[PDB]
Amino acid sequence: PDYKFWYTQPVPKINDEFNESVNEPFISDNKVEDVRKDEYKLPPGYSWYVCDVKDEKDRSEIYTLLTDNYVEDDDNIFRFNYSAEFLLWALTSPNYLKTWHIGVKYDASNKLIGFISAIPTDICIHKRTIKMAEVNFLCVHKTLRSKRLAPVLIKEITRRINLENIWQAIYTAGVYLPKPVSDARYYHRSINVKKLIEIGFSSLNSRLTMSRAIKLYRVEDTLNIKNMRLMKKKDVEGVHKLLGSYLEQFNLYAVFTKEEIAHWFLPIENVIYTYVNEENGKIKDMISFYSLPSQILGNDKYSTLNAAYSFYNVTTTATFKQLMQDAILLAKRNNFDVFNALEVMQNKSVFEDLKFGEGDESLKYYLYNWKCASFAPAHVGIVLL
């Protein structure tokens, strides 16, 4: 590929590799006063719109755009169906800016046809903590693809982020762009076997009949960690200590404040599930996963694949395998069809024994305006929604 847009940006070229001693911006000594104050030009008939995600109607417009036009798998069987409540949660983390929730409308219909978002977070990359924007939910309507709208959205959110004296960003994508700092395959653990077979997600054969498949993935409805329970507000301090200490081992992670722990982990039904094990009033283990359904395209019987996505999991009183087995059980108890996880943190070590299967694509991790050594995904300690 030519990367005609991306090679104008402060990112590595596709062949760039850096030693471990390199960990710095491509462009330093940036000045807020020099940042463009004018919005990037859109094609005629289109206008910028500042979305208010706390307004139900604006939020529902983003929801509809994404439901109809957001990420599909490689085979166009599934399309992500983030719920409106999920989008509210994902976009209103501590210190969020409404002006970083950027829509594009088609003037004649007043309809949203494009979106991009960012939230602020402190990111530790190779032991150096940098204030960054986390970019997500970039979407252009299917009818307007390949018209170079996405670089306009990217340049406009870059401009707005730079106005806040922030010069780095983290983002993930499935497409290969210049240039990943890490690449993580995803793995799936079947829960509702029959449904997964009926929609083509899973397969049978003459050895693995339907009944044998169901038996293979059967789970015992008893926790390894008996007192694992839904997180409560009182647990924020202990989760902050447990997770914050755990994450320091990785090459890439968010440095969460207590306010961020409360936001990202306190349970919201059909959005975010966090469970904790409290011993002596101290939090010693945690499980978390978020709800991300995929619409099943064209299916007559099922509209939705109800998937739970591994988020952050820490154990000090059990094995990581026992902890993730409990995560699968808790996902089953909450009526999820499948448990999805990336090969980040310690996850890959449990995939074989817990009967995960390898998926057909991977998620790449990227930094904007940062040069450093890349790393295997076991060194990644951050999950983007």
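Numbers for residues come from their place in the sequence shown, where the first is 1.
Enquirer: Given the B-factors recorded for C-alpha atoms, which segment has the greater mean, 150-158 or 299-307?
Expert: In the deposited entry, the stretch with the higher C-alpha B-factor mean is 299-307.
Enquirer: Look up the CA B-factors in the entry and say which stretch, 259-267 or 72-80, has the higher mean.
Expert: Comparing 72-80 with 259-267, the higher average CA B-factor belongs to 72-80.
Enquirer: Based on what the PDB entry reports, which of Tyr49, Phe351, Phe336, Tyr46 has the top C-alpha B-factor?
Expert: Among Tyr49, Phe351, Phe336, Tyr46, the PDB entry lists the largest C-alpha B-factor for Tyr46.
Enquirer: Could you check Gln168, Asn277, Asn313, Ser245 and tell me which one carries the biggest Cα B-factor in the deposited entry?
Expert: Among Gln168, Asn277, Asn313, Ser245, the PDB entry lists the largest C-alpha B-factor for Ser245.
Enquirer: Split into thirds by Cα B-factor across the chain's modelled residues, where does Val32 land: lowest, middle or highest?
Expert: Its C-alpha B-factor, which the entry lists for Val32, ranks in the highest third among residues of this chain.
Enquirer: Among the modelled residues of this chain, does the Cα B factor of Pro178 put it in the lowest, middle or highest third?
Expert: Its C-alpha B-factor, which the entry lists for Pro178, ranks in the middle third among residues of this chain.
Enquirer: Could you say whether, by C-alpha temperature factor, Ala378 belongs to the lowest, middle or highest third of its chain?
Expert: Ranked within chain, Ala378 CA B lands in the lowest tercile.
Enquirer: Lowest, middle or highest third: where is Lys241 by Cα B-factor in its chain?
Expert: Middle third - that is where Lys241 ends up once the chain's C-alpha B-factors are sorted.
Enquirer: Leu367's Cα B-factor: lowest, middle or highest third of the chain?
Expert: CA B-factor rank for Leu367: lowest third.
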